[PDB]
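Shown next, in structure tokens, is the structure this report addresses.
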Amino acid sequence: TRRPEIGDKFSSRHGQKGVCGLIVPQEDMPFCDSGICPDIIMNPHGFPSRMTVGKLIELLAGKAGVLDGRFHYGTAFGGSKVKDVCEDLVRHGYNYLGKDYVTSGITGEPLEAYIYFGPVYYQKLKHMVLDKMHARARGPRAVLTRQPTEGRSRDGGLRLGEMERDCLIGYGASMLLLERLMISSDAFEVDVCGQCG
Amino acid sequence: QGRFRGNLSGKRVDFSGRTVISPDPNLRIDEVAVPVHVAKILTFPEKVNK
Amino acid sequence: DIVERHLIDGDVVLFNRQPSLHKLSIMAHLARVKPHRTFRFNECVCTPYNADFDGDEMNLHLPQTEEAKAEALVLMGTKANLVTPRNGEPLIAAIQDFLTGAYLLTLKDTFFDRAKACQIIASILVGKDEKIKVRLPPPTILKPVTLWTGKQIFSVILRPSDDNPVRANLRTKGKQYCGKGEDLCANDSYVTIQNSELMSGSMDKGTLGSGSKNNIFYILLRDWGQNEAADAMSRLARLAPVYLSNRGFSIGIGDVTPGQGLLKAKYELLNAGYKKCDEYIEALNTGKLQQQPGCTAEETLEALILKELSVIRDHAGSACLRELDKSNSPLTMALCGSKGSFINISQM
Amino acid sequence: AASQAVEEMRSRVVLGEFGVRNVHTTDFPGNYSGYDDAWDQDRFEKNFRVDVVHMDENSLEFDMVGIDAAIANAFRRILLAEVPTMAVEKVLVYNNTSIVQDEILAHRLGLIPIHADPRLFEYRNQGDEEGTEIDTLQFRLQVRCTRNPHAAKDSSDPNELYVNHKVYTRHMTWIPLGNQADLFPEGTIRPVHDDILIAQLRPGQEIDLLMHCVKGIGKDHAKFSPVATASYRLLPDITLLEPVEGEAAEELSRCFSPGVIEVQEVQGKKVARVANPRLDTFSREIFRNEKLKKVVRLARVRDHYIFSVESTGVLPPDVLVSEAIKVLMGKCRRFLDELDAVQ
Amino acid sequence: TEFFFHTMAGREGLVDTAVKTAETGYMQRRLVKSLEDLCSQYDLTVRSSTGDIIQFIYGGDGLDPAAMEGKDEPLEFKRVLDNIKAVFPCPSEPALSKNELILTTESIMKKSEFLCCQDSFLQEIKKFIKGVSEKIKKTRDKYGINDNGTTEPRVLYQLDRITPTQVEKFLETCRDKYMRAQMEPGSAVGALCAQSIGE
Amino acid sequence: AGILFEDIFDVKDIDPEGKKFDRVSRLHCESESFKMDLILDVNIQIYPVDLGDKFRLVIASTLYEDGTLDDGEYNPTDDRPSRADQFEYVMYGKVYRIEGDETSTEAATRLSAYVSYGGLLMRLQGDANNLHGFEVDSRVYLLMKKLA
Amino acid sequence: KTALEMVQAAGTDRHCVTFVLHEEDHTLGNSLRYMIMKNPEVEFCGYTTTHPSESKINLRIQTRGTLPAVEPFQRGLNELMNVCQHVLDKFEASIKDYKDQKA
Amino acid sequence: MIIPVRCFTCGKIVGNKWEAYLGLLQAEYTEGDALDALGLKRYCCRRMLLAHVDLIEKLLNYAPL
Amino acid sequence: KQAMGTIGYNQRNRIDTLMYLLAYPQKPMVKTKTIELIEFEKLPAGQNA
RNA sequence: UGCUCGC
Ligand SMILES: Nc1nc2c(ncn2[C@@H]2O[C@H](COP(=O)(O)OP(=O)(O)OP(=O)(O)O)[C@@H](O)[C@H]2O)c(=O)[nH]1
Ligand SMILES: Nc1ncnc2c1ncn2[C@@H]1O[C@H](COP(=O)(O)OP(=O)(O)OP(=O)(O)O)C[C@H]1O
Ligand SMILES: [Mg+2]
Ligand SMILES: [Zn+2]
Ligand SMILES: [Zn+2]
């Protein structure tokens, strides 16, 4: 039984994949006049570059629906129009654009700009930080080449690829490259004859 | 996957970890946050001196 | 004796993203242990790693040699690799939610009282900045009301304490600069800073971003060393989010809705473009059409139709930009250059 | 004039079409020239007042006049997180054959509020999982679902076919420890709502468990939060710049809340006026009408906060506000004692 | 139809990026494998692993591309002069004329520490000094400023105000920046070039 | 007296390029005694102005009329007889630019002082004789009082 | 071990002091900031959070003259305590008269 | 699977108002009027009760029993 | 295609090498007609927040 | 070895 934490990947049914960056308490969350605190706070900067107006339309339709007890339709090339959900919002006493007067929870003072609140259908993805967390000690090595194994289920270590070697060369760190690729990976002591080679 | 490209030029090493990243502005640009779990696994050999 | 100690604070540690395009894809940082389970770092270093925090997995290596540790800290130090070797442009700079926050902070509309200004200034007094004096700047307006402008609060980041020898000076043009004001632009888009004090202009990607030269952090790096630039970036990353959260910045469906004049202009432009395209079609199909040089008649018609459609597009975009009111979150983020542009706004 | 603008900035918070202005608290010494905003206990005790407008079970609404946004937010946050209560923490399970998962069952049991008075208990020390009479409570839940011996031939509804198929929280039985039976009369220690559906069972399945509840604050976990919704809002004060009459006045009654703007026929013509600005929620629908934008001025009173506190039923909300103020006083006293010990 | 066309364009962009990833990966691999041998020696000559010289001096001048402040230029003399004037404003020293500025520049440049500097940078410094001296002369001719220092409106001296202290600071700063912007011996210039071309 | 400049100005335009900012406006003003043009950013929210307003403006080195230039730090709480008592709108800024007029190619006698009151721009242009005492990197006080 | 004082530098200057408060949050920080900002002898008052993971806050006080900046701290604490006592008494009296007039 | 006891956003007790809501669905009440009669003013509890799917009985149909 | 949620009514008796289930799945408020056609609302894979 | 994924 797992609880959402830092590192869990979340989707918002619009290709806006995200990772939980911080878990703030309830009192730190901003609150409206009715006292509702948001569960998920998403960055607005993701909207202009991606032009996800459909997300805003879905939010508005969902807010109107949860206000009037209906299920609006987001059918392709159709569905409920913006005018209908705006009328549903203005009828219930809320703003016709979703933006509501919100007071900051931290300072206790109202915000200079209204906040876009609304119910969004967020879906959690199978990509978890707990399953993806990996750390490699000395551990086991392969029989053929005495190097760490490949995968995490095999208790493997991370590989310094060719491009990483190129970057280390460009930096000029000869000792670090030597320690990584020789000392810490496949160091060995052989016996060579100086006569025959 | 040959010896030169898979075992000589680029090979696997230990004392390393892989984890998903998350933002944290309260840290300096030259600092990185490491989980306690990975920190207990990745060890550093320190020589005893005076 | 050798003691295999746990990873503690201060250890130099390599941090890398497996897709490596340039050398800045892997850097040596200082490890700080946290109770969570993710690799956390300052978002200003996101541009070198080309990360976007949408599930990217990054690698973290621990050197097992003092010589390797020292070489990593010196050669691959984050403060020592603030600029790419390709063209010298700074990559580690302000990013989204830092360009917009600083832009809204340095706007001429900002006027803070003593309490809010003191709070915003103290928001950065953590870590090594706990052993310095605040040096509260004198207020601009004092007789009617004592108000501190946002530009002074931003300049406090450059020179926090009295003993700080940082004297930043810069004179450049912004993104929305008219071209004739010469530090007197109506939009106030001429950046001018004297003695680490923002005298005129508003911060944007052209001055705080990782685009090219004339960056304030680049000037600090080239004039006063790496440590001062790193401290300024840390103060910015600790100050801008606090003010951005205390002020509030949101986008709604009403921020992208078209106006009545915009709809009328779009209708007229579509009608005119369709009429001209029909005229061109009739001229090519029935009769002789003026053939452009270097191409056939069909390619000439294609070019003319593309020109008419682009005319419609750009005129509708200009009409939408003119009819849009200020404080619009898409327009605000497009002006500062943090994310998006006028083309995306016109399309959406 | 300038004085009117200064007073509006220092007393009112204006809500514009695109953004809100005058949101920062500025009544501080040195910010204003013609005003001595230095702290005065006498003026504060004179101007401050509390007026309760509505008070029923698990619901309170009261207006505070003279307090600031900082202290109001502090009270709200203390009520939300720093008020300690009793909630289920430990779950000992004996042969849980239910379809509902054991961890999910424990999580659902933890969210169930307890009517026990938290002031009569203490915080459990670090460790000590066995628990003592002072700092724990035990609730036994043993439900065995079986087929009804007497039912109809069809019995399509599960109610007639099976008995105890829905394990409500009323099946929880408080088991006294030590002398808790004598201190607490029968019926006091019990679930709050008594109708919460914990799980649903089938014949053959059985749910047997014991629940150890200890004192805790809402900051540690949301299950200790006594208040369901504890918030505060600035008191609106809608003002008319020019007298609005005629049919457009009716539009005002349709632009704002139905209960704030009232139309009256003083001379046979309808004229609108503000009746009760409290009921308005500031939907900002007056900005849609082009003509009626420059005739009204929406504003919020800075030093007038209407607090609405809806609790979960653990204790009446007035005692909750009292305990929040007591917790703030205790924090202040602890810090004063620490400072005195330092010096 | 518009949605279908937009999806077509998006898929075209996606396949373009998919091909570009592998193509540039192979190109970067080849470029780095070819260029990884070069290194900047201590005699300012770039030589290969076998000892053969590729360049007698890197880039013809020997400056670090990472420390290139201007547009393929080591310093922006205008910004440096403005910074020197702003950081060290000397109010107790009189302004300099064109002849005095040229004289003090020629006197400072002929010192020993400026001999090891490259001739092109010194010529650029002389050109910038001559340009700013011509600007000061034009300003003083427009506003009738006398070089004796006895003009009644002293604010006229604030138009183009320069003091020998600021001149020395500017020259020393330019010399230090040019010295610290040169190629540090031992740097893997070939790998840096390969990466800066492949990225 | 530390009065560097003092003159009565009349406003000729409020916003020649439109209502850019809600709180700040770019007033253009002309003096009566001399031909001193003034382009000044003012805060209309706390100090409203009109098109036909006429106001006296004084740029002083110090805020104390006795000549004490001790301005290491300003304490708003301190109460003492100062120059700001005789004016209504007081700003604190620094003269950050002194630029000669480039329109007149020869025999030019006009200068311009650019002062930044925390980003609020003030260009005072006119005869160099009136601008005596203005120096770069010098912090001054602006005092504006509307007249009848 | 809860509230600890820190001088501005090694010189041990009493004008600029930093109080580090443990197991606290924005509530008490903002309340004390508001209660001590009204003190005319305080030039700069400001509270901040080091990191959301750990529960600690840092307040910084810089006075005007030669105040040790510890006396304004105790002054603000006592003023906040008095305000809390007054609002508690007023709320109790209000609830009592409401209960009396309701029946 | 089953109706949650606490609301995600606010925290109002909503698990005890599920079956009665079903009764309001067994009666002639619609969604909106039933949610209003149940005492859910804020839209968060309305979304909690309306968007909830009762999957516990479908699982009990597959229970061992 | 990687969304977490319920699989079917027999997800408890089903034993697979890896299964992800949601504690309190909720049907979307803005549902397409395709959702009603494929009966996705009977087996949601997300929550409305 | 195969394949589905994660950027
Ligand atoms: N068909 C099939 N071939 C496999 C499998 N695993 C490995 N191979 C073949 O073996 C080669 C790779 O061998 P490895 O995966 O290194 O074998 P390994 O994991 O070292 O084997 P162990 O030492 O037993 O763990 C490939 O070329 C495959 O053709 C498998 O599961 N199925
Ligand atoms: N095949 C690959 N090779 C190298 N890097 C990859 C590959 N696939 C994904 N990545 C990583 O993911 C990043 C690609 O993201 P990018 O293409 O810039 O945005 P995007 O996926 O188009 O998102 P939008 O569709 O714009 O929202 C950059 C790269 O480091
Ligand atoms: Mg990514
Ligand atoms: Zn041999
Ligand atoms: Zn709710």
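The sequence lines fix the lettering, A, B, ..., with proteins before strands; numbering per chain opens at 1. Any value given below was found using the heavy atoms of this structure, including those in side chains, with hydrogens, waters and symmetry copies removed.
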Next item on the list: Examine distances only and state if a side-chain atom of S184(A) and a backbone atom of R180(A) form a donor-acceptor pair shorter than 3.5 Å.
Entry: no

Check: Is the shortest side-chain N to carboxylate O distance from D166(A) to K23(C) below 4.0 Å?
Finding: no

Next item on the list: Send over the distance from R152(A) CZ to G6(J) P, rounded to a whole Å.
Entry: 19 Å

Notebook entry, point to check: Would a distance-only check, ignoring hydrogens and angles, find a side-chain to backbone donor-acceptor pair under 3.5 Å from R18(B) to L158(A)?
Noted result: no

Next item on the list: Check the distance between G2(J)'s P and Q1(B)'s CD and give it to me in whole angstrom.
Entry: 12 Å

Checklist line | Under 3.5 Å donor-acceptor, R50(A) side chain and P48(A) backbone | finding: no

Next item on the list: Figure out the CD/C1' separation between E57(C) and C5(J), and round it to whole Å.
Entry: 11 Å

Next item on the list: Enumerate the residue pairs fulfilling side chain to side chain donor-acceptor pair (under 3.5 Å) with a member in residues 31-42 of chain B, sequence neighbours excluded, ordered by first and then second residue.
Entry: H37(B)-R37(C)

Checklist line | Distance in angstrom units between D52(C) CG and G6(J) P, rounded | finding: 14 Å

Notebook entry, point to check: Between the main-chain N or O of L91(C) and the side-chain N or O of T47(C), is there a donor-acceptor pair closer than 3.5 Å?
Noted result: yes

Notebook entry, point to check: Base, sugar-phosphate alone, or nothing: which one does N50(C) contact when heavy atoms must sit under 4.0 Å apart?
Noted result: nothing

Notebook entry, point to check: Is there a residue in residues 4-19 of chain A whose heavy atoms reach under 4.0 Å of RNA chain J, and which residues are they?
Noted result: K9(A), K17(A)

Notebook entry, point to check: Is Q2(I) near enough to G6(J) that one of its side-chain N or O atoms lies under 4.0 angstrom from OP1 or OP2?
Noted result: yes

